[PDB]
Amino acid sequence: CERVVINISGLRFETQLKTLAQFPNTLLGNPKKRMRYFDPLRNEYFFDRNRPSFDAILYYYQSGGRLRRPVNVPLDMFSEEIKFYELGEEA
């Protein structure tokens, strides 16, 4: 399946487009919301954001909705990322 590359302040993450599509209304899952961050030169989306937090952000999609705060990430910092990426908890 088609893959997508997400560059977080230099740290590259790669996942299948269908993995993100599993949550169509989140920022990364909505084509219109993530469009603004696409880099045509490298074929990847770029976010000048916190690196440690993204592992949990990607795990959210890969796990089907589990939102776990990484041990090394402060509570206030993680909440800001959840808000930016527009992640929901309610199942």
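Don't overthink the numbering: it's just position in the shown sequence, from 1.
Asker: Read off the CA B-factors in the entry, average them over 61 to 69 and over 28 to 36, and name the higher stretch.
Answerer: Result: 61 to 69.
Asker: Using the B-factor values recorded in the entry, state whether the Cα atom of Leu11 falls in the lowest, middle or highest third among the modelled residues of its chain.
Answerer: Bottom third by C-alpha B-factor.
Asker: Compare the C-alpha B factor of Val5 with those of the other modelled residues in its chain, then answer lowest, middle or highest third.
Answerer: Answer is lowest: the recorded C-alpha B-factor places it there.
Asker: Ranking the modelled residues of this chain by C-alpha B-factor as given in the entry, is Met77 in the lowest, middle or highest third?
Answerer: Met77: CA B-factor falls in the highest third of its chain.
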